């Protein structure tokens, strides 16, 4: 697909530190790519495997879907045995890691399994930990950072934690976050991006070489989002731009490597209150074609994946590591 709405490095989108308002951002409207269901499913957790196949899920029913981007064929290999799964991150060894929220209070955690639902492993046990995990991102060593999705605006119970490659140690990276949601590592893995949903803030965290210590005055707030509900999941491209799905806003915002907004992707029907639940953005491996999932549960509609071409090709994350 080459005739898809595309984002270019023109105007202020090509500036290192653009001074601009959201209404002035280079904007494009996403094209419908594939309807998952006529029924309302809370789509989330987009992630491609080493073979370029798309894996995603729906929070409330816990269905795990596998999609052939080429044929548009949709399969449903298995259903999560844990309540409210919210993200899927594929390991370099092929396993699917599934972050779940549980009861939203503390019964969340992370489990791993084959693409067919076999060999269920408790990476982060649910009942023994207070965590309710929404997303995660693997570093090149096999360790990973995850977001603790808890609390609300003035009750910052959330935060970000790092799990060692052997999965035996959990280390706090940054805490006192009002519902940490989205998370991403820069291409050099020295910068961690985190979205705080209930406070509408974007966090940029500069890390030391050990991957756990924050550089002096290294955790900052480069951007204050606006509108109900707030920032959700995010991913980066090979140019270190950050794509942030805005939950309840029917759009995705794109920031350059310095945390400045350079692009905006609208979901068809948002003005009328449709498809406002845009939750996750992800690139088709080896290309700059972006997929975005959203749903019309609020308006009694269905679940749909949308698409556009981003500023650059998707980044080669952990599952694509050789």
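Numbering follows the first chain given and starts at 1.
Colleague: Which has higher Cα B-factors on average according to the PDB entry: 266-274 or 44-52?
Modeller: So the stretch with the higher mean C-alpha B-factor is 44-52.
Colleague: Averaging CA B factors per stretch from the PDB record, which one is higher: 126-134 or 237-245?
Modeller: Of 237-245 and 126-134, the stretch with the higher C-alpha B-factor average is 126-134.
Colleague: Out of 181, 200, 116, 84, which residue has the highest Cα temperature factor in the PDB record?
Modeller: It is 116.
Colleague: Hey, out of 204, 105, 89, 251, whose CA B-factor is highest in the deposited coordinates?
Modeller: In the PDB entry, the greatest C-alpha B-factor among 204, 105, 89, 251 is found at 105.
Colleague: With respect to C-alpha B-factor, does residue 65 fall in the lowest, middle or highest third of the chain as deposited?
Modeller: According to the entry, residue 65 has a C-alpha B-factor in the chain's middle third.
Colleague: Report the third (lowest, middle or highest) to which the CA temperature factor of residue 310 belongs, ranking only the modelled residues of the same chain.
Modeller: Its C-alpha B-factor belongs to the middle third of this chain's values.
Colleague: By the record's CA B-factor, is residue 158 among the lowest, middle or highest third of residues in the chain?
Modeller: According to the entry, residue 158 has a C-alpha B-factor in the chain's lowest third.
Colleague: Is residue 292 in the lowest, middle or highest third of its chain when residues are ranked by C-alpha B-factor?
Modeller: Residue 292: CA B-factor falls in the middle third of its chain.
Colleague: Going by the recorded CA B-factors, say which third of the chain residue 256 sits in, lowest, middle or highest.
Modeller: According to the entry, residue 256 has a C-alpha B-factor in the chain's lowest third.
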